[PDB]
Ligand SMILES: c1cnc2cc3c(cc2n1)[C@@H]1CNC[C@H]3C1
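Okay, here we've got a single chain as structure tokens, the form deposited without this ligand, with questions on binding and movement later.
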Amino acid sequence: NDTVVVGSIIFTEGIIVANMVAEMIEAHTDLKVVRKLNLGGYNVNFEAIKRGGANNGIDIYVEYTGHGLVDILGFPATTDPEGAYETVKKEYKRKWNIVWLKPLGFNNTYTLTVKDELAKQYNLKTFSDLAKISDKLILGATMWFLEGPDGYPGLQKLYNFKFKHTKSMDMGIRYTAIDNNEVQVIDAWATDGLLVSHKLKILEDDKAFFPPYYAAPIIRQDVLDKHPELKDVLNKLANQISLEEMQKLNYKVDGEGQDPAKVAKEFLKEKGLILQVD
């Protein structure tokens, strides 16, 4: 075949990075790229990569080390980033003939965030710092975070958080709530595109509750067999996206309403990862 299928679920960062992968393939090879950027949740991406692009699936997507380690493989979360990466790389190769390429450079871990003003008022840097004053505070959180021991239940047990109220707030309700001081803490991905524009600060998970969540492209071995050049092409992205860069791209989409495909391609051009005329 001469076509490769890049997938993403419906979420800003995923769509941006999947578009980057597609642009790199289109700029450095003659392969046709099908972008399947509307996959659902519940590990559909993973099921899709096991089918492959030739079987109504996908060939490549960007996965996070801790999700592969804990959710897909069922391994303990408390590990160092390199260990998590090497474990997922070895195990995905052995079990499914899927190849983890090099990390993009950022760790999009889940976190708790506060207004920068509150952080400076109480000198907050870590989750433990927040727990010490949590009895004065209200948490506004997404529904997924409040359900399941991997979210707030386990975090609260580990840190002894004592928030006065924990309010279920989906959509962008919790951002408005924290802006209005109706809540004082919200949950967020570390690369959330609204963190800077809302003057929010991410706190450190000092007890290491959350696993490393380093983004990396993963690809079927049989696609690399047909098109070995893809390895080096996609590894041109290695360590090219820092946390701050990713957050800025997410902001261009979520805060400024820009087209994620344009955001992705313009970032690549600005970094010299594709040519100005590509």
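For the two forms, the rigid core is made up of the largest set of C-alpha atoms that agree within 1.5 Å on superposition. Each residue number is its position in the shown sequence, starting from 1. Only residues modelled in both forms are compared.
What follows is about the form deposited with this ligand bound, which we do not show.
- Three-residue candidate spot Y42, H67 and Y110; every residue lies within 4.5 angstroms of this ligand in the deposited bound form by at least one non-hydrogen atom.
- Here the chain stands alone, but in the deposited bound form its contact with this ligand, taken as any heavy atom within 4.5 Å, falls in 7-15 among 7-15, 21-29, 252-260, 266-274.
- Heavy atoms of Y122 never reach within 4.5 Å of this ligand in the deposited bound form, leaving it off the interface.
- Contact between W189 and this ligand in the deposited bound form is found at the 4.5 Å heavy atom cutoff.
- Using a 4.5 angstroms limit between non-hydrogen atoms, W144 touches this ligand in the deposited bound form.
- For the residue set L200, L101, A190, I98, core-aligned C-alpha shifts between this form and the one not shown reach 2 angstroms or more at a single site, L200.
- Once the cores line up, the CA of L37 ends up 2 angstroms or more apart between this form and the one not shown.
- Annotation: Cα of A84 displaced by less than 2 Å between this form and the one not shown, core superposition.
- Look at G14 and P153: in the deposited bound form their Cα atoms come 3 Å or more closer than in this form.
- Cα of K201 to Cα of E245: at least 3 Å longer in the deposited bound form than in the shown structure.
- Once both forms are overlaid on their core, the residue ranges between this form and the one not shown with Cα shifts reaching 2 Å in three or more consecutive positions are 37-42, 71-77, 112-187, 199-207.
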